[PDB]
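See structure below.
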Amino acid sequence: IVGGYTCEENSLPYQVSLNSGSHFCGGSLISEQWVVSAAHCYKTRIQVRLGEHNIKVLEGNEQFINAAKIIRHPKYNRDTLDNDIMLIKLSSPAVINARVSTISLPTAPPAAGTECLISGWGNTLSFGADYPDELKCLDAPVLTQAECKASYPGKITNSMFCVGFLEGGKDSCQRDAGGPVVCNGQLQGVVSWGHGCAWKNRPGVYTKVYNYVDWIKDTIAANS
Amino acid sequence: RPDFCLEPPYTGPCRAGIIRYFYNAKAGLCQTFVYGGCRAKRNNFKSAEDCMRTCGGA
Ligand SMILES: [Ca+2]
């Protein structure tokens, strides 16, 4: 996250870290045994880290659970980036408590102008590599689909929407992918892609979680 | 070594952070970089050995 601030400790109890060697993507806890992330975060083995704030230091609220099943959306296209969403089933249920809990799936997609919260342990610089120990947060508005398409002509599919700023300096970045965009108490987006991070006129592009509510509920049922 | 060995490393637009190798022609060796997870260019290898086999150095 570029141009954000350190989140209050464990104030985003649905935020997870995906770890393979080290932190490489985020995710969102949506049930006791299921996490939503991005399809381009796929690896064959992933350890999910819940209850984290500082990912380099033991704080005592963490739960580390290996993925038992990892399921990419069947229409994910790795060249257009269409349908960039994935589900991870935990090998055991997460313990739900004050510092680890679920985020609601959305009942309607978010209106342009809605203020949302984007979070992750991704790069904090638009140039360079400053990967933070502590979880970062960014308050940012949903853009109109027209402005989103104008910013990235020809590239915005029906699975995508933009959140952020055209003036530059505030955005998600590498190692934020798969993590949450939360608006009005609902998980509305998955961090996906952009041209650079926080560049002028190039806002963040996110997967529209609302479009996958049925796919998520049915996939959970079929694997549970 | 192929022409694409001389191209700069390419993180690309996706926002994962996946460790990959590229040939750094200035240093004469394969080095690591952070790959975003999609739209890789050709100077992008999953191991140092793959990079050295194709592009040399070291
Ligand atoms: Ca920790």
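Naming: A, B, ... by sequence-line order, numbering from 1 per chain. What you see below is based on every heavy atom in this structure, not just the backbone, and it leaves out hydrogens, waters and symmetry mates.
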>> Show, in sequence, the C-alpha distance, side-chain angles and deciding distance for A/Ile118 and A/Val191, and conclude whether the side chain to side chain contact (heavy atoms under 4.5 Å, CB included) test is met.
In response: CA-CA 8 Å; A/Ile118 311 178; A/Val191 183; 4.3 Å; yes

Identify the heavy atoms of [X] and [Y] that sit nearest to each other, and give their distance.
X        : Y        : result
A/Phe165 : A/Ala140 : CE1-CB, 3.7 Å
A/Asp130 : A/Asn123 : N-OD1, 2.9 Å
A/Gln174 : B/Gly36  : CG-CA, 4.4 Å
A/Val16  : A/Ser28  : CG2-N, 4.2 Å
B/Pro13  : B/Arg39  : CD-CB, 4.1 Å
A/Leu18  : A/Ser37  : CD1-OG, 3.5 Å

Taking the side chain as everything from C-beta on, heavy atoms only, tell me whether [X] gets closer than 4.5 Å to [Y].
X        : Y        : result
A/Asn223 : A/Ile71  : yes
A/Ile70  : A/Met86  : yes
A/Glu147 : A/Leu166 : yes
A/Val36  : A/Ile216 : yes
A/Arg72  : A/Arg78  : yes
A/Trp121 : A/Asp176 : no
A/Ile65  : A/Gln47  : no
A/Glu62  : A/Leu50  : no

>> The test is side chain to side chain contact (heavy atoms under 4.5 Å, CB included); show your working for A/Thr102 and A/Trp34 and say whether it passes.
In response: CA-CA 9 Å; A/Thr102 59; A/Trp34 292 86; over 6 Å; no

Give the cluster check for [X] versus [Y]: same hydrophobic cluster or not, with ILVMFWY residues linked at side-chain heavy-atom distances below 4.5 Å.
X        : Y        : answer
A/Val163 : A/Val209 : no
A/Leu187 : A/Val35  : no
A/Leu117 : A/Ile30  : yes
A/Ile103 : A/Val181 : no
A/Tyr206 : A/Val142 : yes

>> Just checking A/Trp193 against A/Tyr152, ring centres under 6.0 Å apart?
In response: yes

> Between A/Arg99, A/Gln63, A/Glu59, which is the residue that forms a side chain to side chain contact (heavy atoms under 4.5 Å, CB included) with A/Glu52?
Replying inline: A/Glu59

Check for a donor-acceptor pair, side chain of [X] on one end and backbone N or O of [Y] on the other, with a separation under 3.5 Å.
X        : Y        : answer
B/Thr32  : B/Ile19  : no
A/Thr124 : A/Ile1   : no
A/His23  : A/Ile55  : no
A/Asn10  : A/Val100 : no
B/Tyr35  : B/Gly12  : no
A/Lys149 : A/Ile156 : yes
A/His53  : A/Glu8   : no
A/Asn61  : A/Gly51  : no
B/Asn43  : B/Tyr23  : yes
A/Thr114 : A/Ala111 : yes

Donor-acceptor side-chain pairing of [X] and [Y] below 3.5 angstrom:
X        : Y        : answer
A/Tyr5   : A/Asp139 : yes
A/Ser119 : A/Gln15  : yes
A/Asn66  : A/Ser91  : no
A/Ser159 : A/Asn83  : no
B/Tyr21  : B/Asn44  : no
A/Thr157 : A/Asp82  : yes

Nearest 0.5 angstrom please: [X] [atom1] to [Y] [atom2], how far?
X        : Y        : atom1 : atom2 : value
B/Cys51  : B/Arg1   : SG    : CZ    : 10.0 Å
A/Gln188 : A/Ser104 : CD    : OG    : 10.5 Å
A/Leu87  : A/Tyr212 : CG    : OH    : 12.0 Å
B/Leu6   : B/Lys26  : CG    : NZ    : 11.0 Å
B/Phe33  : B/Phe22  : CZ    : CZ    : 7.5 Å
A/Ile220 : A/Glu32  : CD1   : CD    : 9.5 Å

> Would the number of heavy atoms belonging to other residues, nucleotides or ligands and lying under 6.0 Å from CD of A/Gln145 be above 12?
Replying inline: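 More than 12 heavy atoms, drawn from other residues, nucleotides or ligands, come within 6.0 Å of this atom.
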
> Is it true that the SG atoms of B/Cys14 and B/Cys38 are less than 2.5 Å apart?
Replying inline: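 A disulfide is present here, as the SG pair of B/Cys14 and B/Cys38 is separated by less than 2.5 Å.
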
> Does A/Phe24 have A/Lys43 sitting over its ring (NZ/CZ under 6.0 Å from centre, angle to axis within 45°)?
Replying inline: yes

> Using 30° and 60° as the class limits, which term best fits the ring planes of B/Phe4 and B/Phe45: parallel, tilted or perpendicular?
Replying inline: tilted

> For the residue pair A/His73 and A/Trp215, does the interplanar ring angle fall in the parallel (under 30°), tilted (30 to 60°) or perpendicular (over 60°) class?
Replying inline: tilted

> What do the steps show when you test A/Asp84 against A/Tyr76 for side chain to side chain contact (heavy atoms under 4.5 Å, CB included), and what is the final call?
Replying inline: CA-CA 6 Å; A/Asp84 190 14; A/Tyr76 173 58; 3.7 Å; yes

> Taking it one step at a time, do A/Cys41 and A/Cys25 satisfy disulfide bond (SG atoms under 2.5 Å apart)?
Replying inline: CA-CA 6 Å; A/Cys41 294; A/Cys25 276; 2.1 Å; yes

>> A/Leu81 vs A/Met160, test: side chain to side chain contact (heavy atoms under 4.5 Å, CB included). Steps then yes/no.
In response: CA-CA 9 Å; A/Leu81 315 182; A/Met160 298 176 192; 4.0 Å; yes

> So, B/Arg15 and A/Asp171, do they make that salt bridge, N to O below 4.0 Å?
Replying inline: yes

>> Show, in sequence, the C-alpha distance, side-chain angles and deciding distance for B/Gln31 and B/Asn24, and conclude whether the side-chain hydrogen bond (donor to acceptor under 3.5 Å, both in side chains) test is met.
In response: CA-CA 7 Å; B/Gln31 299 185 328; B/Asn24 181 344; 2.9 Å; yes

